[PDB]
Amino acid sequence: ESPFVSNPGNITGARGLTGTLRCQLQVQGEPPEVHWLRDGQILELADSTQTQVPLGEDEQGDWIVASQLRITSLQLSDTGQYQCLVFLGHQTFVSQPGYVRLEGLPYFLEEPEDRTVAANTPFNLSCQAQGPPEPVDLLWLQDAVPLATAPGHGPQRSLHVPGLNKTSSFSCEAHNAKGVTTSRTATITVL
């Protein structure tokens, strides 16, 4: 057994989320500096707050040290295994790993674009969305009515219209396990 008394939790959530990890420990006599490790490597430029509290009358008595790492905007590069590191004399202790994963609503890579057409004439609209998590099921709408019964059925990435005879609109919903994001509303102008 080691000097760590609690281990970094996890933080999993969407891009831009701010969260913290913290490990705390107990040492004897003036405390060591606690470093953080992304994937077993020192983090050199990271928002952290160490908190030291002595338990005896003196600075020579036991101490409760505790570092908190701050991620302000959870971008994808922040992903992976985190753990604390303390050098105690001529010996190296490390905490249990915490994980930061990143997951959230779908994200559109393609959305239906406005178009103008003579119609009744064929045309196609696109709609692509990604996670994580996967898969992401698509659902089309024409004049804000769904066309199909649940995400996943029926038309998905490409929507073919035999052709309309009157200006209409078309939205796209993207569902995954976290929830739904809805696309711009394309307007298809007809002459």
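Start at 1 with the first residue shown and count on from there.
In this PDB entry, residue 183 carries a Cα temperature factor that places it within the lowest third of its chain's modelled residues.
Annotation for residue 66: C-alpha temperature factor in the lowest third relative to the rest of the modelled chain, per the entry. Ranked by C-alpha B-factor against the other modelled residues of its chain, residue 106 falls in the lowest third. In the deposited entry, the Cα temperature factor of residue 49 places it in the lowest third of its chain's modelled residues. The entry lists a Cα temperature factor for residue 11 that places it in the highest third of the chain's modelled residues.
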